[PDB]
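Data from entry_20.csv: CSV, C-alpha atoms
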chain,number,residue,atom,x,y,z
X,1,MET,CA,-5.7,11.5,-16.1
X,2,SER,CA,-2.1,10.4,-15.3
X,3,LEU,CA,-1.6,11.0,-11.5
X,4,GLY,CA,-5.2,11.4,-10.5
X,5,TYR,CA,-5.2,11.5,-6.7
X,6,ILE,CA,-8.3,12.6,-4.9
X,7,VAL,CA,-6.4,12.3,-1.6
X,8,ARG,CA,-3.4,14.3,-0.7
X,9,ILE,CA,-0.3,14.2,1.6
X,10,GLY,CA,-1.3,14.8,5.2
X,11,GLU,CA,-4.9,13.8,4.5
X,12,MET,CA,-6.5,11.0,6.5
X,13,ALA,CA,-7.0,7.7,4.8
X,14,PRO,CA,-10.6,6.5,4.1
X,15,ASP,CA,-11.9,3.3,5.6
X,16,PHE,CA,-13.0,0.1,4.0
X,17,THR,CA,-13.2,-3.7,4.4
X,18,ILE,CA,-11.4,-5.6,1.7
X,19,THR,CA,-11.3,-9.4,1.1
X,20,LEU,CA,-7.8,-10.9,1.0
X,21,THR,CA,-6.5,-13.7,-1.2
X,22,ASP,CA,-7.3,-16.3,1.5
X,23,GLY,CA,-10.8,-15.0,2.0
X,24,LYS,CA,-10.1,-12.6,4.9
X,25,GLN,CA,-12.1,-9.5,5.5
X,26,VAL,CA,-9.9,-6.7,6.9
X,27,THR,CA,-11.1,-3.3,7.9
X,28,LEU,CA,-8.8,-0.2,7.7
X,29,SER,CA,-9.9,0.8,11.2
X,30,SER,CA,-8.2,-2.3,12.6
X,31,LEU,CA,-4.9,-1.4,10.9
X,32,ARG,CA,-4.8,2.2,12.2
X,33,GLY,CA,-2.4,3.1,15.0
X,34,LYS,CA,0.0,0.9,13.0
X,35,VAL,CA,2.0,1.7,9.9
X,36,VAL,CA,-0.2,0.7,7.0
X,37,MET,CA,1.3,0.3,3.5
X,38,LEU,CA,-1.4,0.1,0.8
X,39,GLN,CA,-0.1,-0.7,-2.6
X,40,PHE,CA,-2.5,-0.3,-5.5
X,41,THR,CA,-1.6,-2.8,-8.1
X,42,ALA,CA,-3.0,-5.1,-10.8
X,43,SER,CA,-2.1,-8.5,-12.3
X,44,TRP,CA,-1.9,-6.8,-15.7
X,45,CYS,CA,0.6,-4.2,-14.5
X,46,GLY,CA,4.2,-4.8,-15.6
X,47,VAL,CA,5.7,-2.1,-13.5
X,48,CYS,CA,4.4,-3.7,-10.4
X,49,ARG,CA,6.5,-6.7,-11.2
X,50,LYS,CA,9.4,-4.5,-10.0
X,51,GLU,CA,7.3,-2.7,-7.4
X,52,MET,CA,5.8,-5.7,-5.6
X,53,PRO,CA,9.0,-8.0,-5.4
X,54,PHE,CA,11.0,-5.1,-4.1
X,55,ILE,CA,8.3,-4.2,-1.6
X,56,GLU,CA,8.2,-7.9,-0.5
X,57,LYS,CA,12.0,-8.2,-0.3
X,58,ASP,CA,13.1,-5.1,1.7
X,59,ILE,CA,9.8,-4.0,3.2
X,60,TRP,CA,7.6,-7.0,3.8
X,61,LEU,CA,10.2,-9.7,4.6
X,62,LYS,CA,11.7,-7.3,7.2
X,63,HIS,CA,8.8,-5.6,9.0
X,64,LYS,CA,5.7,-7.7,7.9
X,65,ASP,CA,4.9,-8.4,11.6
X,66,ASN,CA,7.0,-6.2,13.8
X,67,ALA,CA,4.2,-5.6,16.2
X,68,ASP,CA,2.9,-2.4,14.6
X,69,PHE,CA,3.3,-3.0,10.9
X,70,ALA,CA,0.6,-3.6,8.3
X,71,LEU,CA,1.0,-4.2,4.5
X,72,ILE,CA,-1.9,-5.0,2.2
X,73,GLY,CA,-1.8,-5.1,-1.6
X,74,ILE,CA,-4.9,-4.2,-3.5
X,75,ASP,CA,-5.8,-5.2,-7.1
X,76,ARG,CA,-7.7,-2.5,-8.9
X,77,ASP,CA,-10.1,-4.8,-10.9
X,78,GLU,CA,-8.9,-8.3,-11.4
X,79,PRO,CA,-10.9,-10.9,-9.4
X,80,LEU,CA,-9.8,-13.8,-7.1
X,81,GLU,CA,-8.3,-16.3,-9.5
X,82,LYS,CA,-6.4,-13.6,-11.4
X,83,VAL,CA,-4.7,-12.2,-8.3
X,84,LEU,CA,-3.9,-15.7,-7.0
X,85,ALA,CA,-2.4,-16.8,-10.3
X,86,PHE,CA,-0.4,-13.6,-10.4
X,87,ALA,CA,0.8,-13.4,-6.8
X,88,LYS,CA,2.0,-17.1,-6.8
X,89,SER,CA,4.1,-16.3,-9.9
X,90,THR,CA,5.7,-13.2,-8.4
X,91,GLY,CA,6.1,-14.8,-5.0
X,92,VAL,CA,4.2,-12.2,-2.9
X,93,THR,CA,3.9,-13.7,0.5
X,94,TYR,CA,1.9,-10.7,1.6
X,95,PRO,CA,-2.0,-10.8,1.4
X,96,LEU,CA,-3.6,-9.2,-1.6
X,97,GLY,CA,-7.1,-7.9,-1.6
X,98,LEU,CA,-9.6,-7.9,-4.4
X,99,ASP,CA,-11.2,-4.6,-5.4
X,100,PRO,CA,-13.5,-5.6,-8.3
X,101,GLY,CA,-14.6,-2.4,-9.9
X,102,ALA,CA,-11.8,-0.1,-8.5
X,103,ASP,CA,-14.0,1.1,-5.6
X,104,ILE,CA,-11.4,0.9,-2.9
X,105,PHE,CA,-9.0,2.3,-5.6
X,106,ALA,CA,-11.6,5.1,-6.2
X,107,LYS,CA,-11.5,5.9,-2.5
X,108,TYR,CA,-7.9,7.0,-3.0
X,109,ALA,CA,-7.6,7.9,-6.7
X,110,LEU,CA,-9.5,8.2,-9.9
X,111,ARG,CA,-10.3,4.8,-11.4
X,112,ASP,CA,-9.4,6.3,-14.8
X,113,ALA,CA,-6.2,7.8,-13.5
X,114,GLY,CA,-3.6,5.1,-13.9
X,115,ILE,CA,-3.0,2.3,-11.3
X,116,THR,CA,0.6,1.9,-10.1
X,117,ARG,CA,1.0,3.7,-6.7
X,118,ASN,CA,1.7,3.2,-3.1
X,119,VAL,CA,-0.2,4.8,-0.2
X,120,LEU,CA,1.8,4.9,3.1
X,121,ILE,CA,-0.5,5.5,6.0
X,122,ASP,CA,0.9,6.8,9.3
X,123,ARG,CA,0.2,5.8,12.9
X,124,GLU,CA,-2.5,8.5,13.1
X,125,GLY,CA,-4.2,7.3,10.0
X,126,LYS,CA,-2.9,10.0,7.6
X,127,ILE,CA,-1.3,9.5,4.2
X,128,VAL,CA,2.3,10.7,4.4
X,129,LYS,CA,4.0,9.0,1.4
X,130,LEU,CA,2.7,9.1,-2.1
X,131,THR,CA,4.9,7.1,-4.5
X,132,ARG,CA,4.5,6.7,-8.3
X,133,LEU,CA,4.8,3.3,-9.9
X,134,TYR,CA,7.4,2.2,-7.3
X,135,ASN,CA,10.2,4.3,-8.7
X,136,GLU,CA,13.8,3.3,-7.6
X,137,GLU,CA,14.7,6.4,-5.6
X,138,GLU,CA,11.2,6.8,-4.1
X,139,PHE,CA,11.3,3.2,-2.9
X,140,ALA,CA,14.6,3.7,-1.3
X,141,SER,CA,13.3,6.7,0.6
X,142,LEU,CA,10.1,5.0,1.3
X,143,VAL,CA,11.8,2.0,3.0
X,144,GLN,CA,14.0,4.3,5.1
X,145,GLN,CA,10.9,6.3,6.2
X,146,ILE,CA,9.2,3.0,7.0
X,147,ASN,CA,12.1,2.2,9.5
X,148,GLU,CA,11.3,5.5,11.1
X,149,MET,CA,7.5,5.0,10.9
X,150,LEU,CA,7.7,2.0,13.1
X,151,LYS,CA,9.2,4.2,15.7
X,152,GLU,CA,7.6,7.5,14.7
X,153,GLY,CA,9.8,10.6,15.1
X,154,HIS,CA,8.4,12.7,12.2
X,155,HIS,CA,5.9,14.2,14.6
X,156,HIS,CA,8.9,15.6,16.6
X,157,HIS,CA,6.6,17.2,19.0
X,158,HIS,CA,5.6,13.6,20.0
X,159,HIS,CA,2.1,14.8,19.3
Now that the file is in, can you turn its structure into structure tokens?
Amino acid sequence: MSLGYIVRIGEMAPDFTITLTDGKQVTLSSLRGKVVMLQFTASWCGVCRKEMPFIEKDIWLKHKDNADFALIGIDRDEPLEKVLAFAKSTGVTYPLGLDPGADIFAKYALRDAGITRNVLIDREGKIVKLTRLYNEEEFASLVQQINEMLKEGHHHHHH
């Protein structure tokens, strides 16, 4: 379908260990406790050529390290050489992971339900922000929320 999410806002994010562009294996467990931004993209996506550069510019370049920030880009199906040839041409200084077969993608959404989407995982490990194909306004709000997420005041009760 169009927006085929199997996971919802407020739901906890499934775990996985994805291989990055430089041959790194990263488990989602290790990223929890920190703010984890998971973009689901693909080299054959044109919309992501707005999404990713903006994400890099105002999200990545700012908070990439911080102390508690994590940003990983996942390609839905295109293998190693594809992603490398794409990332280098878009810039993308943030590591992209290969998901050959849309398995990690299928752990969040239907493989046959589009592609362009961003999953913002909170400090607890819950998905708080669903965004569609970047989207100007949603990106603006997403970035602002990220600034908060690094601090975490949306709990309000502290817990």
If you count all atoms listed in the file, which residues fall within 12 Å of residue 21 (chain X), apart from same-chain ones fewer than 4 positions away, as a short mmCIF file (atom, residue, chain, number, x, y, z; two decimals) with C-alpha atoms, in the coordinates of the input?
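Result file is result_5.cif:
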data_model
loop_
_atom_site.label_atom_id
_atom_site.label_comp_id
_atom_site.auth_asym_id
_atom_site.auth_seq_id
_atom_site.Cartn_x
_atom_site.Cartn_y
_atom_site.Cartn_z
CA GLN X 25 -12.10 -9.50 5.50
CA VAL X 26 -9.90 -6.70 6.90
CA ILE X 72 -1.90 -5.00 2.20
CA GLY X 73 -1.80 -5.10 -1.60
CA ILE X 74 -4.90 -4.20 -3.50
CA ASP X 75 -5.80 -5.20 -7.10
CA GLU X 78 -8.90 -8.30 -11.40
CA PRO X 79 -10.90 -10.90 -9.40
CA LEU X 80 -9.80 -13.80 -7.10
CA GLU X 81 -8.30 -16.30 -9.50
CA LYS X 82 -6.40 -13.60 -11.40
CA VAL X 83 -4.70 -12.20 -8.30
CA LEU X 84 -3.90 -15.70 -7.00
CA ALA X 85 -2.40 -16.80 -10.30
CA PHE X 86 -0.40 -13.60 -10.40
CA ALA X 87 0.80 -13.40 -6.80
CA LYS X 88 2.00 -17.10 -6.80
CA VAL X 92 4.20 -12.20 -2.90
CA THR X 93 3.90 -13.70 0.50
CA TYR X 94 1.90 -10.70 1.60
CA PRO X 95 -2.00 -10.80 1.40
CA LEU X 96 -3.60 -9.20 -1.60
CA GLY X 97 -7.10 -7.90 -1.60
CA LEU X 98 -9.60 -7.90 -4.40
CA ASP X 99 -11.20 -4.60 -5.40
#
Exercise. Suppose you want the space between CA of residue 144 (chain X) and CA of residue 58 (chain X); what is it in Å?
Worked result: 10.0 Å
For this session: Pick out the residues sitting within 10 Å of residue 30 (chain X), and hand them over as a ChimeraX atom specification; count only C-alpha atoms, and ignore anything fewer than 2 positions along from it in its own chain.
Result: /X:15,17,26-28,32-34,70
For this session: Please indicate the distance in Å from CA of residue 112 (chain X) to CA of residue 77 (chain X), rounded to one decimal place.
Result: 11.8 Å
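The space separating CA of residue 46 (chain X) from CA of residue 14 (chain X) comes to 27.1 Å.
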Seminar exercise, completed: Counting all atoms listed in the file, closest pick from X:19, X:147, X:2, X:131 relative to residue 40 (chain X) is X:131
Exercise. Contacts of residue 10 (chain X) at 10 Å or less, counting only C-alpha atoms, minus same-chain residues fewer than 3 places along, as number ranges by chain?
Worked result: X: 7, 13, 121-122, 125-129
Exercise. Pick the closest to residue 43 (chain X) from X:156, X:89, X:101, X:124: which is it, counting all atoms listed in the file?
Worked result: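 Result for the nearest residue to residue 43 (chain X): X:89.
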Let me have the centre and edge lengths in Å, one decimal, of the box along x, y and z around every listed atom of region 30-38 of chain X with 8 Å of margin on each side, as lines of an AutoDock Vina configuration file.
center_x = -3.1
center_y = 0.4
center_z = 7.9
size_x = 26.2
size_y = 21.4
size_z = 30.2
For this session: Do a neighbour search on residue 159 (chain X) at 12 Å with all atoms listed in the file, toss out local chain neighbours closer than 6 positions, and write the hits as a PyMOL selection string.
Result: chain X and resi 123-124+152-153
